[PDB]
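What follows is the residue order along each chain.
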Amino acid sequence: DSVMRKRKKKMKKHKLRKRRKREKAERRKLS
Amino acid sequence: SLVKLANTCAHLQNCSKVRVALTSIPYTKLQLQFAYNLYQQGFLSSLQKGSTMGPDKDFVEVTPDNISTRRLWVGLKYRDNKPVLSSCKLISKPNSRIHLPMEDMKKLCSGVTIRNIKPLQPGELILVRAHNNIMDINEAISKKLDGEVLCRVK
Amino acid sequence: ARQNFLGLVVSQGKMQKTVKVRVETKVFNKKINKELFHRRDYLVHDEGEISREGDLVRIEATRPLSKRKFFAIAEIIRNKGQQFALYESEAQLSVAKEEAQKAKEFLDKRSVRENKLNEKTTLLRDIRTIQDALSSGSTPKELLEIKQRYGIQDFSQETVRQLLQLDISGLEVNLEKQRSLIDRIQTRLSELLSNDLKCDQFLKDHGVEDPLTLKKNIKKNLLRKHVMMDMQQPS
Amino acid sequence: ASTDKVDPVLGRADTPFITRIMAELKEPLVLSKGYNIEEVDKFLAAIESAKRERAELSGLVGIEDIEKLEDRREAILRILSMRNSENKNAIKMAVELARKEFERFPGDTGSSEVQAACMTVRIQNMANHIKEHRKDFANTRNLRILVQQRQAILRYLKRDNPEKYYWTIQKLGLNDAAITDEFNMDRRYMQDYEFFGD
Amino acid sequence: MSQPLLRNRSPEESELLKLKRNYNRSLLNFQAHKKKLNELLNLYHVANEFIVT
Amino acid sequence: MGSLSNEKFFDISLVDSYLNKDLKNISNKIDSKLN
Amino acid sequence: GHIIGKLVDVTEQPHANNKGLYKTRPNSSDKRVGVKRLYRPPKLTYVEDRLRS
RNA sequence: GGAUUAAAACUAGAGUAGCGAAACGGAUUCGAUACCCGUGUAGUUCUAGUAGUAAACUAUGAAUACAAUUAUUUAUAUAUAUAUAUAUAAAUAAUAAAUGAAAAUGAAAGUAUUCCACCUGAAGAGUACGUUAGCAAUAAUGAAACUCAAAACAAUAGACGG
Ligand SMILES: [K+]
Ligand SMILES: [K+]
Ligand SMILES: [K+]
Ligand SMILES: [Mg+2]
Ligand SMILES: [Mg+2]
Ligand SMILES: [Mg+2]
Ligand SMILES: [Mg+2]
Ligand SMILES: [Mg+2]
Ligand SMILES: [Mg+2]
Ligand SMILES: [Mg+2]
Ligand SMILES: [Mg+2]
Ligand SMILES: [Mg+2]
Ligand SMILES: [Mg+2]
Ligand SMILES: [Mg+2]
Ligand SMILES: [Mg+2]
Ligand SMILES: [Mg+2]
Ligand SMILES: [Mg+2]
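Residues numbered from 1 in each chain as written, not as in the entry; some residues may be left out. Chains lettered and ligands numbered in written order. Part of a larger assembly, values for the part shown. Heavy atoms only, no water.

- Per the deposited record, the coordinates in this entry were obtained by cryo-EM to a resolution of 2.87 Å.

- Going by the PDB entry, chain D carries the name 37S ribosomal protein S28, mitochondrial and comes from Saccharomyces cerevisiae.
- If you open the UniProt record of chain D and go to Subunit, you find "Component of the mitochondrial small ribosomal subunit (mt-SSU). Mature yeast 74S mitochondrial ribosomes consist of a small (37S) and a large (54S) subunit. The 37S small subunit contains a 15S ribosomal RNA (15S mt-rRNA) and 34 different proteins. The 54S large subunit contains a 21S rRNA (21S mt-rRNA) and 46 different proteins."
- Heading Sequence similarities of the UniProt record for chain D holds this comment: "Belongs to the universal ribosomal protein uS15 family." (UniProt positions renumbered as here; feature names shortened; annotations may be inferred.)

In structure tokens, the structure reads:
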């Protein structure tokens, strides 16, 4: 796939990583 | 070996595309029978026993001492800027062998697709092996023989 | 008649009077348009417990003998499985004997080398006394001892030459004899074949009946068998 | 747990064939490069004797002191000592010894029994290397492939000549299970047979 | 086509073949053995220059 | 020259002729000829 | 006048070679197909060319 | 199934010059959580492990048989009027034929054969759930619903380019 199409997967991976960092943080405070 | 026969079928197609007058094939009983059938049917100009370096001019007895260096040399025919032997393909493949009764061979020669084998076309040669002998399908039907459908030459 | 199958014993000695036999049958697979072999393992009754893993056997249908047993061994077509068991037992005994013999030949060789290391006398020095005593006339008792260290009772110039002989020398002469034989056999047959008249006579002289009426290959083999019977039997 | 667990790489411990070949390589006067001391002592004595005879035909600096000729012998035996040569030379001698104990006839080097024996010698040497170089993965891969190659040659032997097969594996210290069973020389094997010790 | 594809070696031909092949293996072993002795001789000639004491 | 060589550093020919009774069977032959 | 396409069989080399060994089996070169030599334009050579140089 | 597997990361014990996430400062800027500069913690190093992921790419699985040329190296062999010449292989470059959507491939992406892996519109999604493994980060396995008649590749002529 071209760079243009790769960029869509890049955004999805970024948002998943951002959400998992956010979830981690919560667990630390709630723990 | 059907693998060796597949190699020879592909080799002859390659030689026809470049229009070489003479080429060599492995020296085995099956190859010799295959080549002889093509020669009698007018696909090959010549059929000579020989060595890796070329056809033998004088008879050279084949023994274990020289068996590894033996080859069969065949002459290809070209008329009107067209190869006489244009295509050569196996029907019965190493990983899927096809054995047909004489009744089904008659259907194949009559225009009926049997076991996905496209029927015999005008001017095409289909060879059959029965009891380690290679013959034309029309000849196998005459002798009431059942056998493996090996290849089709056009 | 009762349905009979051929198969290879794939398990034995795990159940009492029961063996597992692998039967392969030929079927047509319409989807891929190919005649395939279909495999199935059968639990089979072995009344005499004769079959062994690896054997080729014929199994015959029988009455129900158990929940899963409906066939019995009817004949051992090939007994490769039984052979394996016999050869394994023999191997243990055969190898033990050979290893014992080789262990005794190794300790003996060690002893001989150790004994020689206890004799300070060296070949060079000993060969320098047999060549000085033989050139000076002195006969110290060392020579008598040397006549025992080597067994050379007589001390002459042709005794030191036989103490220092190297195997390579013998090999060089055996190789020349081998080369001669091959060369002679080839020249003889080559010449014989060139002259049909001398060939026909050659065969008759060696006891062939009407050699003239023979083929090239049927007669050249006779010539070869004779030329190799006139250069290897007489020598 | 009662199964006969024979190490598929090194075979049964104390195998007489493996031990005897190893001992032969460590004997006091073993020489490298195909020389044997007995042939070298006669050859060196022949040179001296031959020189004297050549000096008694065309002859009429005296002779060398024996101590000097003994030092020339000591230099030749130190240069040709197996204990002063590379380990590969010792393995070459072992391969010859193993081949002659398994050959069907003089010159037989391709029979499956001979090939297995020759592979055994190299496997034993390579296994010793790995035990001292446990992080040398390149040569561990070579060992695995070599062990698997020995399995393949012996499996064919079992099919071709069953009697020889059982004799060969017994002499090499292996068992039928070691040959037939799939072997990957994986980490569990290195721990179940204590390949590296501790 | 009628000619046989292969003619097996006669027992005599196999005997001569074995003689030549055994000779070839023996000659090579002998030549290597003699080469080694010739190198041992050339090393003896120079061992007077080597130090062991 | 081979066995009948004058070089201080000779070849295996000399040692072979010695153990093959050639350097001796020629020395006697030459001496017998001189006689 | 050199012949192209002729293979010398081991049966035609009964005597030993310059190395002292007999030939008992085909070598690797003998086992390679040489069809290409049949089609490559032959290199014309003349003895007079050597004298001219 | 097994083994090995960049960088980052992690578990212990050392090391820590230089470099350098982060953090704290200096600038730039309409603003500058950046680009540039400073101080520079983890890390980068070694030893013993965990983990098995990369645009881990030639984006091209492995094996066998075969097909027209040239050039350039390399290797082996042969010859001599001894330094070249003649042979046979390998590699690389440019090609014929053939193949292909074309770009191109070129001894394969050609002519054939054998075996394995994998794919079946886009998005949702390599996500959710479950399971397995790991100290952990995570890795592997891996959907469906809803929605849409899209979505993608090569090439062509333009327009534009700090
Ligand atoms: K029962
Ligand atoms: K640091
Ligand atoms: K694969
Ligand atoms: Mg893609
Ligand atoms: Mg293998
Ligand atoms: Mg790197
Ligand atoms: Mg740390
Ligand atoms: Mg800042
Ligand atoms: Mg600011
Ligand atoms: Mg900074
Ligand atoms: Mg690991
Ligand atoms: Mg990941
Ligand atoms: Mg991946
Ligand atoms: Mg890379
Ligand atoms: Mg391979
Ligand atoms: Mg995941
Ligand atoms: Mg595009």
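### What to know about unusual backbone geometry
All names here are of chain B.
Consideration 1: Positive phi outside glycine occurs at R115, with the angle close to 50 degrees.
Consideration 2: Along the chain, the position of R115 falls in the loop between α3 (102–108) and β8 (125–130).
Consideration 3: Residue classification places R115 among the partly exposed residues on the basis of a relative accessible area of 22%.
Consideration 4: At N132, a residue that is not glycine, the phi angle is positive and equals roughly 65 degrees.
Consideration 5: By the secondary structure assignment, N132 is in the loop between β8 and β9 (133–136). (Helix = DSSP H or I, 4+ residues; strand = E, 2+ residues; numbered from the N terminus. Buried < 20%, exposed > 50% of the residue type's maximum accessible area, 1.4 Å probe, protein only.)

### Topic: the interface of chain E and chain C
Put simply, an interface is often sized by how much accessible area is lost when its parts join up.
Consideration 1: Across the contact, 15 residues belong to chain E and 16 residues belong to chain C.
Consideration 2: Counting each side, the surface lost to burial between chain E and chain C is near 1,500 Å², with a carbon and sulfur contribution of 72%.
Consideration 3: On the chain E side of the interface with chain C, the three residues burying the most area are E12, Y23 and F30 of chain E, jointly 38% of the side's total.
Consideration 4: If you look at where chain E meets chain C, you find two salt bridges.
Consideration 5: One can count three residue pairs in polar contact joining chain E with chain C.
Consideration 6: The class makeup of the residues in the side of chain E that touches chain C is six nonpolar, three polar and six charged. (Contact = heavy atoms within 4.5 Å. Buried area = accessible area lost by both parts, 1.4 Å probe. Salt bridge = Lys/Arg side-chain N within 4 Å of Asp/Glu carboxyl O. Polar contact = N/O pair within 3.5 Å; in protein donor to acceptor, adjacent residues only side chain to side chain. Nonpolar A, V, L, I, M, F, W, Y, C, P; charged D, E, K, R; others polar.)

### So, the interface of chain D and chain C
Consideration 1: In this assembly, 35 residues from chain D lie in contact with 29 residues from chain C.
Consideration 2: Buried surface at the junction of chain D and chain C, summed over both partners, amounts to about 3,000 Å²; 60% is from carbon and sulfur atoms.
Consideration 3: Considering only the surface of chain D that becomes buried against chain C, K42, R52 and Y166 of chain D emerge as the three largest contributors, covering 20% of it.
Consideration 4: Where chain D packs against chain C, one counts six salt bridges.
Consideration 5: A salt bridge links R161 of chain C to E53 of chain D; the shortest N-O distance between them is 3.2 Å.

### Some details on the protein's contact with RNA strand H
Consideration 1: RNA strand H sits among 35 residues. The nearest are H11, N14 and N95 of chain B, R187 of chain D together with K43 of chain G.
Consideration 2: Taking all atoms of RNA strand H within 4 Å of the protein, the share assigned to sugar and phosphate is 85%.
Consideration 3: A distance of 2.9 Å separates a phosphate oxygen of RNA strand H from a polar side-chain atom of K24 of chain A.
Consideration 4: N7 of chain B places a side-chain nitrogen or oxygen 3.1 Å from a sugar or linking oxygen of RNA strand H.
Consideration 5: Those elements that provide at least two residues to the surface near RNA strand H are α1 (3–30) of chain A, α1 (2–18) of chain B, α6 (137–160) of chain D together with α1 (35–39) and α2 (47–52) of chain G.
Consideration 6: With nine residues, the single largest contributor to the surface near RNA strand H is α1 of chain A. (Near = heavy atom within 4 Å.)

### Topic: the arrangement of the chains
Consideration 1: The highest contact count of any of the eleven pairs of chains in contact belongs to chains C and D.
Consideration 2: Here chain A and chain G are not in contact; the least distance found between their C-alpha atoms is 45 Å.

### A short note on the packing of helix α1 (residues 80–118) of chain C against helix α1 (residues 16–25) of chain D
Consideration 1: For the pair α1 of chain C and α1 of chain D, the least separation of the axes is 11 Å and the interaxial angle reads 15 degrees. In terms of orientation, α1 of chain C and α1 of chain D fall into the roughly parallel class. Of the two possible hands of crossing, α1 of chain C and α1 of chain D adopt the one that is left-handed. Of α1 of chain D, the residues touching α1 of chain C (which contributes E99, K102 and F106 of chain C) are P16, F17, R20, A23 and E24 of chain D.
Consideration 2: When the residues that make up the contact of α1 of chain C with α1 of chain D are grouped by side-chain class, the tally is four nonpolar, no polar and four charged. (Axes fitted to C-alpha atoms, helices over the stretch in contact; angles between N-to-C directions. Parallel < 35°, antiparallel > 145°, perpendicular 65-115°, else oblique. Left-handed = near helix turned anticlockwise from the far one by under 90°.)

### Let's talk about the environment of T62 of chain C
All names here are of chain C.
Consideration 1: Within the secondary structure, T62 sits in the loop between β4 (56–61) and β5 (71–78).
Consideration 2: Residues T62 and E47, 15 residues apart in the sequence, show an inter-C-alpha distance of 12 Å.
Consideration 3: The residues touching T62, leaving out its near neighbours within four places in the chain, are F70, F71 and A72.

### Some words on the environment of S85 of chain D
Consideration 1: Looking at the element boundaries, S85 of chain D is found in the loop between α3 (66–79) and α4 (87–102).
Consideration 2: A distance of 3.0 Å separates a polar side-chain atom of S85 of chain D from the backbone oxygen of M82 of chain D.

### Here's the deal with the packing of helix α6 (residues 167–194) of chain C against helix α1 (residues 11–44) of chain E
Each pair of packed helices gets described by two things: the angle between the helix axes and the distance between those axes.
Consideration 1: Relative to each other, α6 of chain C and α1 of chain E sit at 150 degrees, their axes nearing to 10 Å. Here α6 of chain C lies roughly antiparallel to α1 of chain E, going by the angle between them. Seen along the crossing, α6 of chain C lies across α1 of chain E with a hand that is left-handed. Along its contact with α6 of chain C, which presents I168, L171, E172, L175, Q178, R179, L181, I182, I185 and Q186 of chain C, the element α1 of chain E presents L16, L19, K20, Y23, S26, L27, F30, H33, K34 and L37 of chain E.
Consideration 2: Here the contact of α6 of chain C with α1 of chain E is composed, by residue class, of twelve nonpolar, four polar and four charged.

### Focus: a positive patch on the surface
Consideration 1: Residues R17, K18, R20, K21, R22 and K24 of chain A make up a contiguous surface patch of positive charge.
Consideration 2: Locating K21 of chain A in the fold gives a position in helix α1. (Patch = residues over 30% accessible without salt bridge, like charges linked within 9 Å, V, L, I, M, F, W, Y side chains within 5 Å. Areas by Shrake-Rupley, 256 points an atom, 1.4 Å probe, with all protein chains shown as cover. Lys, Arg positive; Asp, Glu negative; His and termini not counted. Charge placed at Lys NZ, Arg CZ, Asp CG, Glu CD.)

### Examining the packing of aromatic side chains
Centre-to-centre distance and the angle between the planes together describe a pair of aromatic rings.
Consideration 1: Here the structure, examined in full by the defined rule, presents twelve aromatic pairs over all chains.
Consideration 2: Between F17 of chain D and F102 of chain D the ring centres are 5.2 Å apart and the planes differ by 80 degrees, which places this aromatic pair in the edge-to-face class.
Consideration 3: What makes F17 of chain D buried here is its relative accessible area of 2%.
Consideration 4: Ring-pair connections join several aromatic residues into one group, and the members of that group are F183, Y189, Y193, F195 and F196 of chain D.
Consideration 5: Above the plane of the ring of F84 of chain C lies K158 of chain D, whose end atom (NZ or CZ) is 4.9 Å from the centre. (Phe/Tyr/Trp six-rings, centres within 6.5 Å; stacked < 30°, edge-to-face > 60°. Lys NZ or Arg CZ within 6 Å of the ring centre and 35° of its normal.)

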